[PDB]
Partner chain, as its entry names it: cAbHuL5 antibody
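Just the one chain here, laid out as structure tokens, in the form solved without its partner chain.
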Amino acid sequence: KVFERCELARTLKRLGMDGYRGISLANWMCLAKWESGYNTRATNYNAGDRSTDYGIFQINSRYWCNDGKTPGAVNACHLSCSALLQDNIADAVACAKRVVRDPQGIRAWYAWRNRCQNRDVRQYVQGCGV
């Protein structure tokens, strides 16, 4: 599923993402935008280490979910990477929450540090009624 901007904003809000561990919705939106373009089907194979980034938040198989094919990885979210490719983003949100509970928080995502950190992200939630 490829979400419309505000559709995603509200979806994330209903899933308890607004201010989760201090992260505003606008930040989550900016991350999903640059990670997948709001596409839950997005996948990126990393030939270097044989891991794959899955879904709307582009969560990596090396540490966060299990896909079997990544040589010896871990599964911190305790989910099949398949769960991160569903139209329903509840499982991806739960895993995204798990990622931010770590020290770095949302800084875990390089794209957030580069494209969202200390930026005017208001435009991600404007008009969405969130």
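Positions refer to the first chain, counted from 1.
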Per the PDB entry, mean CA B-factor is higher for 24-32 or 100-108, namely for 100-108
Comparing mean C-alpha B factor in the record for 5-13 and 118-126, the higher one is 118-126
Top Cα B-factor in this entry, restricted to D91, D87, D67, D53, sits on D87
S80: CA temperature factor from the record, placed by chain third, in the middle
Chain thirds by Cα B factor, record data; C95 belongs to the lowest
Here the Cα B-factor of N60, set against its chain, lands in the third termed middle
On the chain's distribution of Cα B-factors, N39 falls within the third called middle
